[PDB]
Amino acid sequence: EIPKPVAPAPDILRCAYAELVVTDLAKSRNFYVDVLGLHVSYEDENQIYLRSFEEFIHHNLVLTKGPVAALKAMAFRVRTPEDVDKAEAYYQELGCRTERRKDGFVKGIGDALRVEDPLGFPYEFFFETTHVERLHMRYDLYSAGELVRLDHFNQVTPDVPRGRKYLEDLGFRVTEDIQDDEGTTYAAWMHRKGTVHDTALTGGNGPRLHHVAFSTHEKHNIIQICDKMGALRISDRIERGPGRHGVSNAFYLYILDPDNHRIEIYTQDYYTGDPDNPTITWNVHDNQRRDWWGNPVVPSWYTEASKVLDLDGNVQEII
């Protein structure tokens, strides 16, 4: 069991960006820029910084050339600069390794803290970031499958209850969960920003990053991504969907990048900001909890997930 610190939890606003290590920067760029249409905030020969259509912070996704494909950091923006200090004290009290860089770990981000959390994931907490042009009204750049915001991460861990209690201490609230008859949690969705989730815990060998998710405005935008991928003859990279999720009620699509990092395109969440928001508990045997339409969920979806790195860049041991 992970103890609850005496130190006050940092006030987390929302998931902000993920930093993924990719093996071939040009193939990855072709997938994220030419196929998916994300907007390049900055790039050089080692890294590409991308942002979604409505974002005003520097980026939502950093692709870093690296020898082994993996999740290098999942970042959450905190409410004030002092929350970075709170995060540092908080994770130190939990006995976790932390690394603080006043100048940031990646471009566009200022004072930041990366930690190897209790579940083995590399989390970053930061407030400062360079504001860039919000492209929300740049309809001259709007693509038929435009990704408008980064919505959430989904982590794979062996002990979901244990991770659940840890994130609830951190301030995340469960919006929906999957439980057995005994009341044991099998998976949980938790938020800070007011949508169904900023992150989620799914049971399995971990630590591993299951996917990063972006949303679109409407359902036809998701359908265009599938049509485009079939026209580019890469439909084999469509893993699951499109479909309607039971948990979260979102219309979804799961596709795979060149390094097999899973990306989810999502839309039509509901508001969960009130403090007594009614948690929705689905039974582990309910066939409509994952796919509302009852579609069989691909085997690989449960088995394949991305490796994550510790703070020295080594791959975390999978349990």
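Sequential numbering from 1, following the sequence displayed. Only the largest set of C-alpha atoms that superpose within 1.5 Å between the two forms is called the rigid core.
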query	finding
Higher-deviation stretch (C-alpha RMS, rigid core fit) in 6 other deposited structures of this protein, choosing from 276-284 and 257-265	276-284
In 6 other deposited structures of this protein, rigid core aligned: more displaced of 285-293 and 59-67 by C-alpha RMS	285-293
145-153 or 79-87, whichever carries the higher mean Cα B-factor	79-87
Higher-B stretch (mean Cα B-factor, as the entry records it), 51-59 or 23-31	23-31
From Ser215, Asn205, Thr129, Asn221, residue of greatest CA B-factor	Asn205
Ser41 - Cα temperature factor, lowest/middle/highest third of chain	middle
Cα B factor band for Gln268 (lowest, middle or highest third within the chain)	highest
Chain thirds of CA B-factor: placement of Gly246	lowest
For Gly120, the third of its chain into which the C-alpha B factor falls	middle
Among modelled residues of the same chain, the CA temperature factor third for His197	lowest
